[PDB]
Amino acid sequence: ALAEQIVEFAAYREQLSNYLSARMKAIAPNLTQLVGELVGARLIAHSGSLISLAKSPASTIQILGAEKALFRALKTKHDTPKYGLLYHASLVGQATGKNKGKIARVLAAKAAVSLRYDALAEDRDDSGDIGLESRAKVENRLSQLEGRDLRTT
Amino acid sequence: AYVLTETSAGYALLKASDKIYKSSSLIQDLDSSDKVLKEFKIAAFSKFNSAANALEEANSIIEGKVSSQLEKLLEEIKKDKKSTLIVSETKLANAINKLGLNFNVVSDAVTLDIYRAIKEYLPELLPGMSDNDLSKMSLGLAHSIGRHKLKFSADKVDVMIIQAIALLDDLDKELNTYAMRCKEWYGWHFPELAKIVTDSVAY
Amino acid sequence: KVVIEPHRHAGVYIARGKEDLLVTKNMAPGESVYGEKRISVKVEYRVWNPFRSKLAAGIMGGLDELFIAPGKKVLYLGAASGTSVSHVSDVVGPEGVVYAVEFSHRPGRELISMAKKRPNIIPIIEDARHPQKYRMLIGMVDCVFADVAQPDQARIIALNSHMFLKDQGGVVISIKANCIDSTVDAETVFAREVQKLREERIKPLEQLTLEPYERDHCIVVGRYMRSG
Amino acid sequence: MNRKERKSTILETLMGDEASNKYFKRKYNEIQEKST
Amino acid sequence: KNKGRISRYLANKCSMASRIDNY
Amino acid sequence: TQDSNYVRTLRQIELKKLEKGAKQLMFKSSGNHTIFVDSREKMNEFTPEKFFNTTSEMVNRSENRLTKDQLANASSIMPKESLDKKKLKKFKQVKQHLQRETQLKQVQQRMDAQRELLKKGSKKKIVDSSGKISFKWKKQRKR
Amino acid sequence: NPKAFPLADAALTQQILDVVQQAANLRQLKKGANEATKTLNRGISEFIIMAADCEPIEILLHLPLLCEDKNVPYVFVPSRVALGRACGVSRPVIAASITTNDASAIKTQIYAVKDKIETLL
Amino acid sequence: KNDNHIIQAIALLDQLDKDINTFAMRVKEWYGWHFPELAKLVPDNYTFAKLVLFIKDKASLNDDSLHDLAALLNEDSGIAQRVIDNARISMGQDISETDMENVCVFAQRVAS
RNA sequence: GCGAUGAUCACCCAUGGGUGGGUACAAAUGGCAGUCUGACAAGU
């Protein structure tokens with residue numbers, strides 16, 4: 001009966017994750033087109049309200065996760081952390097190193113723009129246009145940065 | 001004369017002795033009281049039904065147009081070919097002028113005396129038709145009208161999504177600890193299985 | 001450790017402890033609606049903030065007759081984000097009822113959240129300029145307060161008082177010369193709006209300028225006599 | 001030991017220990033008088 | 001006082017019962 | 001020795017400390033409260049004692065003007081010297097937060113001045129006759 | 001009434017863009033919407049100029065809210081290309097922020113447009 | 001002579017009671033968003049989960065609803081008539097059908 | 001009509017309460033607690 005409880009918990013948690021994907025696509029569809037449902041809901045849970053996240057600027061979104069290392073390093077004069085919460089996005093996962101840093105910058109900035117559109121669009125067609133076009137922008141910047149190399153040929 | 005009145009519990013219609021001169025007598029003799037409301041207690045009342053979305057749309061049609069509840073209230077108001085009725089909305093006044101029963105209506109005239117006094121002594125009208133308190137009724141109806149007047153897409157709730165992701169985190173933690181519990185309990189029969197498999201779900 | 005002193009108005013108190021504070025009771029225990037701190041003395045109390053709510057600065061500034069009692073009903077016009085309608089709900093308690101009215105959208109959403117928290121708040125997202133649009137929702141208020149930022153303030157209060165106040169009612173208004181004129185003296189501004197209230201039949205008992213807490217702000221308190 | 005005395009640093013529990021505190025301040029005043 | 005006496009009494013009896021239920 | 005990052009963190013720290021402190025504080029009012037009287041004889045006999053039905057200290061204190069029918073600090077130790085010292089102490093700590101915040105703003109402004117001067121421009125150093133220093137950047141669109 | 005709240009006429013817009021160039025010359029203007037939000041958080045933005053022709057109005061409509069929060073007024077320009085041209089930069093800026101500095105010789109000009117801007121609001 | 005069954009039974013009963021009250025107050029939040037006066041009317045969390053499972057939505061208030069929700073524990077506490085009147089004049093926020101199915105499955109989880 | 005299977009061993013007001021303290025859990029929009037930089041980068 002305990003194992004029955006366990007598999008019921010697992011199936012209900014899977015159904016809950018699907019319901020969360022549906023809820024995030026309903027709330028902020030362009031953010032689902034940009035960064036991902038899970039990390040978008042994580043930024044929402046960090047900031048509190050979506051209007052508060054729209055009020056937050058781009059650097060706050062970039063270092064929303066690692067506030068501990070942020071305030072620590074700014075206090076004791078070290079390198080500021082550069083990923084925070086949005087490292088777990090599939091794009092920053094596909095990037096590498098200072099490519100991860102620059103894609104973290106441009107992705108935080110583009111996510112701030114399209115998140116402000118999603119949060120302040122009184123009318124909104126819920127299609128995914130702004131998120132798709134900004135994602136194509138980040139894809140083009142990523143391909144350009146990957147094509148730019150470092151060692152001399 | 002008739003007086004059409006809107007309340008959070010229903011639609012109340014009053015007879016008065018033939019009006020403007022009745023409003024004047026009210027204001028000059030201070031008729032905010034139970035005596036005047038028993039001179040004009042009730043003439044024709046209608047409850048609306050117990051459907052929250054329906055009564056919300058009903059107040060929206062009160063704000064904009066004329067409705068079928070107003071028809072089923074307004075089916076037998078007239079006695080002769082000419083019947084007068086007092087309202088406080090001008091667009092609603094002309095709307096029930098161009099309405100089919102074509103009885104003559106007065107717009108927002110000096111009968112703020114009438115409307116304000118019967119709204120003051122509306123507690124005396126409560127033993128007439130509405131034997132309850134209308135405070136929580138106005139509470140719920142005002143909440144519904146506000147909920148519709150702001151757009152309120154019912155799928156976009158930030159406190160719902162934040163409670164949902166929090167409960168997802170709690171269910172993950174609870175699944176992990178009950179997994180460890182059943183794993184150590186089933187170590188009584190299978191420690192080798194408990195070490196060779198790692199999934200809680202497969203366990 | 002913290003003595004409570006009941007103020008001359010029913011529903012407001014003063015905390016004398018390590019710091020002096022102007023306080024009220026609480027309706028949602030352990031729920032600060034806008035970030036202000038709460039004290040436990042036990043009975044739960046929440047302090048008022050004058051700069052955020054000039055209504056707190058007025059009773060602190062000196063007020064003879066405040067027409068908002070526990071067993072009464074108060075209309076609030078210009079209820080931006082509710083930081084004062086929560087406090088007037090606390091000062092009227094369960095017996096009293098406050099009708100908050102606000103037109104704008106996002107303070108309107110904050111006000112719906114606060115009306116979800118507190119049943120004493122009744123929400124009106126309907127516009128304040130046309131009272132017949134929400135004449136169904138509010139009935140025969142005892143006192144009215146205005147915090148609206150529109151130049152036709154005494155006129156819109158005249159409409160709301162004619163249509164919604166009881167006779168011998170209460171009219172309390174916040175008036176801003178920087179909003180209505182912004183070029184002429186505050187004293188002749190206040191004299192002119194007193195003359196406007198006199199033309200609109202409000203008999204003004206008093207007025208108080210809010211100099212240490214805000215800048216060029218006035219509150220006026222008057223009776224509503226001889227209206228049907 | 002306690003809960004309202006369970007603190008995250010052994011230096012901090014040394015400052016919470018008061019006999020060591022007065023012992024330290026006494027001997028510290030002693031040796032600073034010897035120094036000055 | 002006698003609460004502690006009752007506690008010590010029951011502690012001795014529960015010790016003996018733990019002994020017999022163990023062996 | 002110190003940099004803009006650490007002093008900006010300190011700036012936000014102490015500004016939020018000032019905000020919490022000033023939210024905690026209490027300021028006595030001072031306004032031109034006027035009462036509007038119907039008749040001139042009632043003006044001539046108008047007394048704040050009868051109008052406010054108060055006492056002398058009750059009418060001098062604009063906060064607590066309690067009615068005489070409502071009339072009809074010793075709980076804490078050392079009332080006359082220690083509680084007032086505690087209130088005034090909190091007030092001085094708020095003032096010292098203000099002073100350290102303004103001094104730190106001066107530090108940050110001088111550091112940003114040096115940072116911009118080292119950062120960028122085709123500059124001309126100008127001295128103003130009060131012994132002061134300034135830099136005139138040449139008028140040019142940065143690409 | 002669109003969401004495009006205060007948008008000046010031609011002559012007013014001209015003159016604020018001229019204070020924009022003079023403050024960019026005296027290093028009294030900061031550039032970008034995210035940076036404008038940053039100095040709003042800083043409490044040193046004295047007022048805000050924004051665009052109207054952006055992709056879309058919303059990413060800069062997030063700024064008037066914090067403007068009414070931190071009593072720092074704002075206005076709109078029709079052309080963000082014109083705003084970046086008065087910023088003096090190759091790319092069209094959509095949001096720029098006039099800061100505060102007490103030893104600024106153009107402060108009478110800024111306090112003048114402050115009067116005119118408050119009478120517009 | 002084995003006793004870890006007793007030991008893990010104590011530990012699992014403690015964790016189980018804790019998870020009962022946590023998940024049941026979470027049911028209480030998730031249906032107080034739709035009907036907070038249910039959380040003010042019925043304080044028992046188990047009967048709250050059962051009552052959520054029965055009253056999925058506060059719109060279906062019938063005489064047979066009075067009957068079966070009174071068979072739900074009782075009539076004498078006034079809970080049936082009071083909750084029908086309060087769900088008739090409720091100010092609660094309407095939610096979607098996916099949220100509704102989620103809350104009912106969560107109350108069923110609490111009951112099981 | 002005993003006992004090793006175990007004898008015996010902080011205040012105030014007069015066998016009642018307040019203070020003080022310790023034990024486990026839950027909530028906090030309670031405190032620690034403060035949200036990085038900003039015009040150039042790459043090929044020719």
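Residues numbered from 1 in each chain as written, not as in the entry; some residues may be left out. Chains lettered and ligands numbered in written order. Part of a larger assembly, values for the part shown. Heavy atoms only, no water. Residues with missing side-chain atoms left out of burial classes, pairs and counts.

Undergrad: I would appreciate a short explanation of the overall build of chain F in the present structure.
TA: For chain F, the count of helices and strands is 6 helices and 3 strands. Helices (α) and strands (β) of chain F occur, in sequence order from the N terminus, as α-β-α-α-α-α-α-β-β. Scaling as 2.2 N^0.38, a compact globule of 143 residues should have a C-alpha radius of gyration of about 15 Å, whereas chain F reaches 28 Å, well beyond that. Referenced to the eigenvectors of the C-alpha coordinate spread, the extents of chain F come out at roughly 75 × 50 × 30 Å. (Helix = DSSP H or I, 4+ residues; strand = E, 2+ residues; numbered from the N terminus. Rg over C-alpha atoms; globule rule 2.2 N^0.38 Å.)

Undergrad: Would you mind showing me how to read the overall build of chain B here?
TA: Each helix and strand counted, chain B has 10 helices and 5 strands in total. For 203 residues, the compact-globule estimate of 2.2 N^0.38 gives 17 Å, and chain B exceeds it by more than 25% at 30 Å. The C-alpha extent of chain B, read off along each of the three principal axes, is 100 × 35 × 25 Å.

Undergrad: Where do I start with the sheet that holds strand 5 (residues 104-106) of chain B in this structure?
TA: Sheets are built from strands paired through backbone hydrogen bonds, the pairs being either parallel or antiparallel. All names here are of chain B. Across the sheet, 5 strands lie side by side as 3-2-1-4-5; this open sheet has mixed pairing. Taken across any chain shown, the strands that pair with only one partner, and hence form the sheet edges, are strand 3 (44-47) and strand 5. Taken pair by pair, the neighbouring strands of this sheet meet at an average axis angle of 20 degrees, ignoring direction. As paired strands, strand 1 (residues 2-7) and strand 2 (residues 10-15) are joined by 6 bridges and run antiparallel to one another. Residue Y2 lies in a different strand from strand 2, and its bridge partner there is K15. (Pairing = 2+ DSSP bridges. Axes fitted to C-alpha atoms, helices over the stretch in contact; angles between N-to-C directions.)

Undergrad: For this particular structure, what's the right way to read the interface of chain F and chain C?
TA: For interface size, the figure often reported is the accessible area lost on association. At the interface, 15 residues of chain F touch 15 residues of chain C. For the side of chain F that touches chain C, a count of residues per class yields 4 nonpolar, 7 polar and 4 charged. (Contact = heavy atoms within 4.5 Å. Nonpolar A, V, L, I, M, F, W, Y, C, P; charged D, E, K, R; others polar.)

Undergrad: Explain the arrangement of the chains to me, please; I cannot follow it from the model alone.
TA: Across the 7 pairs of chains in contact, the largest number of contacts is found between chains C and F. Nothing in chain B touches chain G; the tightest C-alpha to C-alpha distance between them is still 16 Å. Between chain E and chain H there is no contact, and the shortest C-alpha to C-alpha distance separating them is 8 Å.

Undergrad: Would you take a moment to explain the sheet that holds strand 3 (residues 74-76) of chain G for this structure?
TA: Residue and element names in this part refer to chain G. In spatial order, the strands read 1-4-2-3; together these 4 strands make up an open sheet with mixed pairing. Because the sheet does not close on itself, it has two edges, and the strands there are strand 1 (29-31) and strand 3. The mean angle between the axes of side-by-side strands here comes to 20 degrees, regardless of whether they run parallel or antiparallel. Pairing of strand 2 (residues 47-50) with strand 3, which is carried by 3 bridges, proceeds in the parallel orientation. Bridge pairing in strand 3 places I49 opposite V75.

Undergrad: Looking at this structure, how should I read the pairing of strand 2 of chain G?
TA: The side chains of a regular strand alternate, residue by residue, between the two faces of the sheet. All names here are of chain G. Sheet topology places strand 2 next to strand 4 (residues 95-98); 4 bridges connect them, and they run antiparallel. Counted as the bridge partner of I48 is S97 from strand 4. On the question of chirality, the crossover connecting strand 2 to the parallel strand 3 by way of helix 3 (residues 58-69) is right-handed. (Right-handed = clockwise from strand over helix to strand, strands pointing away.)

Undergrad: Explain unusual backbone geometry here, please?
TA: Negative phi is the rule for most residues except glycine; trans is the rule for most peptide bonds. A cis geometry characterises the amide bond from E55 of chain G onward to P56 of chain G, with omega recorded as -20 degrees. Tracing the backbone shows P56 of chain G in the loop between strand 2 and helix 3. Phi angles above zero are rare outside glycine, and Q168 of chain C is one such case at about 55 degrees. Position of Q168 of chain C among the secondary structure elements: in strand 10 (residues 165-176).

Undergrad: Sorry, what's going on with the pairing of strand 1 of chain B here?
TA: Residue and element names in this part refer to chain B. Here strand 1 pairs with strand 4 (residues 84-86) via 2 bridges, running parallel. Residue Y2 lies in a different strand from strand 4, and its bridge partner there is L85. Between strand 1 and strand 2, which pair antiparallel one after the other, the connecting turn spans 2 residues.

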